[PDB]
């Protein structure tokens, strides 16, 4: 359940930056979803996420449409919701979300908190899990985001990489 080559961050205090926003949510809701998604991983690892408002962060978050400068283009409504890059410099660790989705912070498709939480797993070096109850399962499926907590399989995965 660990990315090929087992790449990971050489540091536990990582910065992130939301570059732009989606018309589907208020800017604050996006920040809330993002900050909460990072927290999911922080409570199960040594990772500490620090937000910056400008400049390059270790993990840049952005909403893009179709072709957006990195070859893994998005595909319009539905289908690919987002993607991220394994730990590394430059684009490594970055997380891109399809700007053509009906993003939400509720259970309706698609909850940004859950998708971001998922992608950050990749941003941290986690690969997919075959466990349907895992956040890193290959397919999205809303889960009660209320008292939602990182599934044990993902705890195992993140732990296996950073303790």
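Numbering follows the first chain given and starts at 1. If you superpose the two forms and keep the largest set of C-alpha atoms that fall within 1.5 Å, you have the rigid core.
- Per-stretch RMS Cα distance to the displayed form in 9 other deposited structures of this protein, following rigid core alignment, is highest for 147 to 155 when 10 to 18 and 147 to 155 are compared.
- Root mean square Cα distance to the shown form, taken over structures and residues in 9 other deposited structures of this protein after a core fit, is higher for 101 to 109 when 34 to 42 and 101 to 109 are compared.
- Mean CA B-factor, 138 to 146 versus 151 to 159: the higher value falls on 138 to 146.
- On average the C-alpha atoms of 64 to 72 have higher B-factors than those of the other stretch, with 93 to 101 and 64 to 72 being the two compared.
- Of the candidates 50, 109, 45, 123, the one whose C-alpha carries the top B factor in the deposited record is 109.
- Per the PDB record, residue ranking by Cα B-factor puts residue 131 in the highest third of the chain.
- In this PDB entry, the Cα temperature factor of residue 56 sits in the top third of its chain's modelled residues, the highest group.
- In the deposited entry, the Cα temperature factor of residue 13 places it in the highest third of its chain's modelled residues.
- When the modelled residues of the chain are ordered by their C-alpha B factor, residue 22 lands in the middle third.
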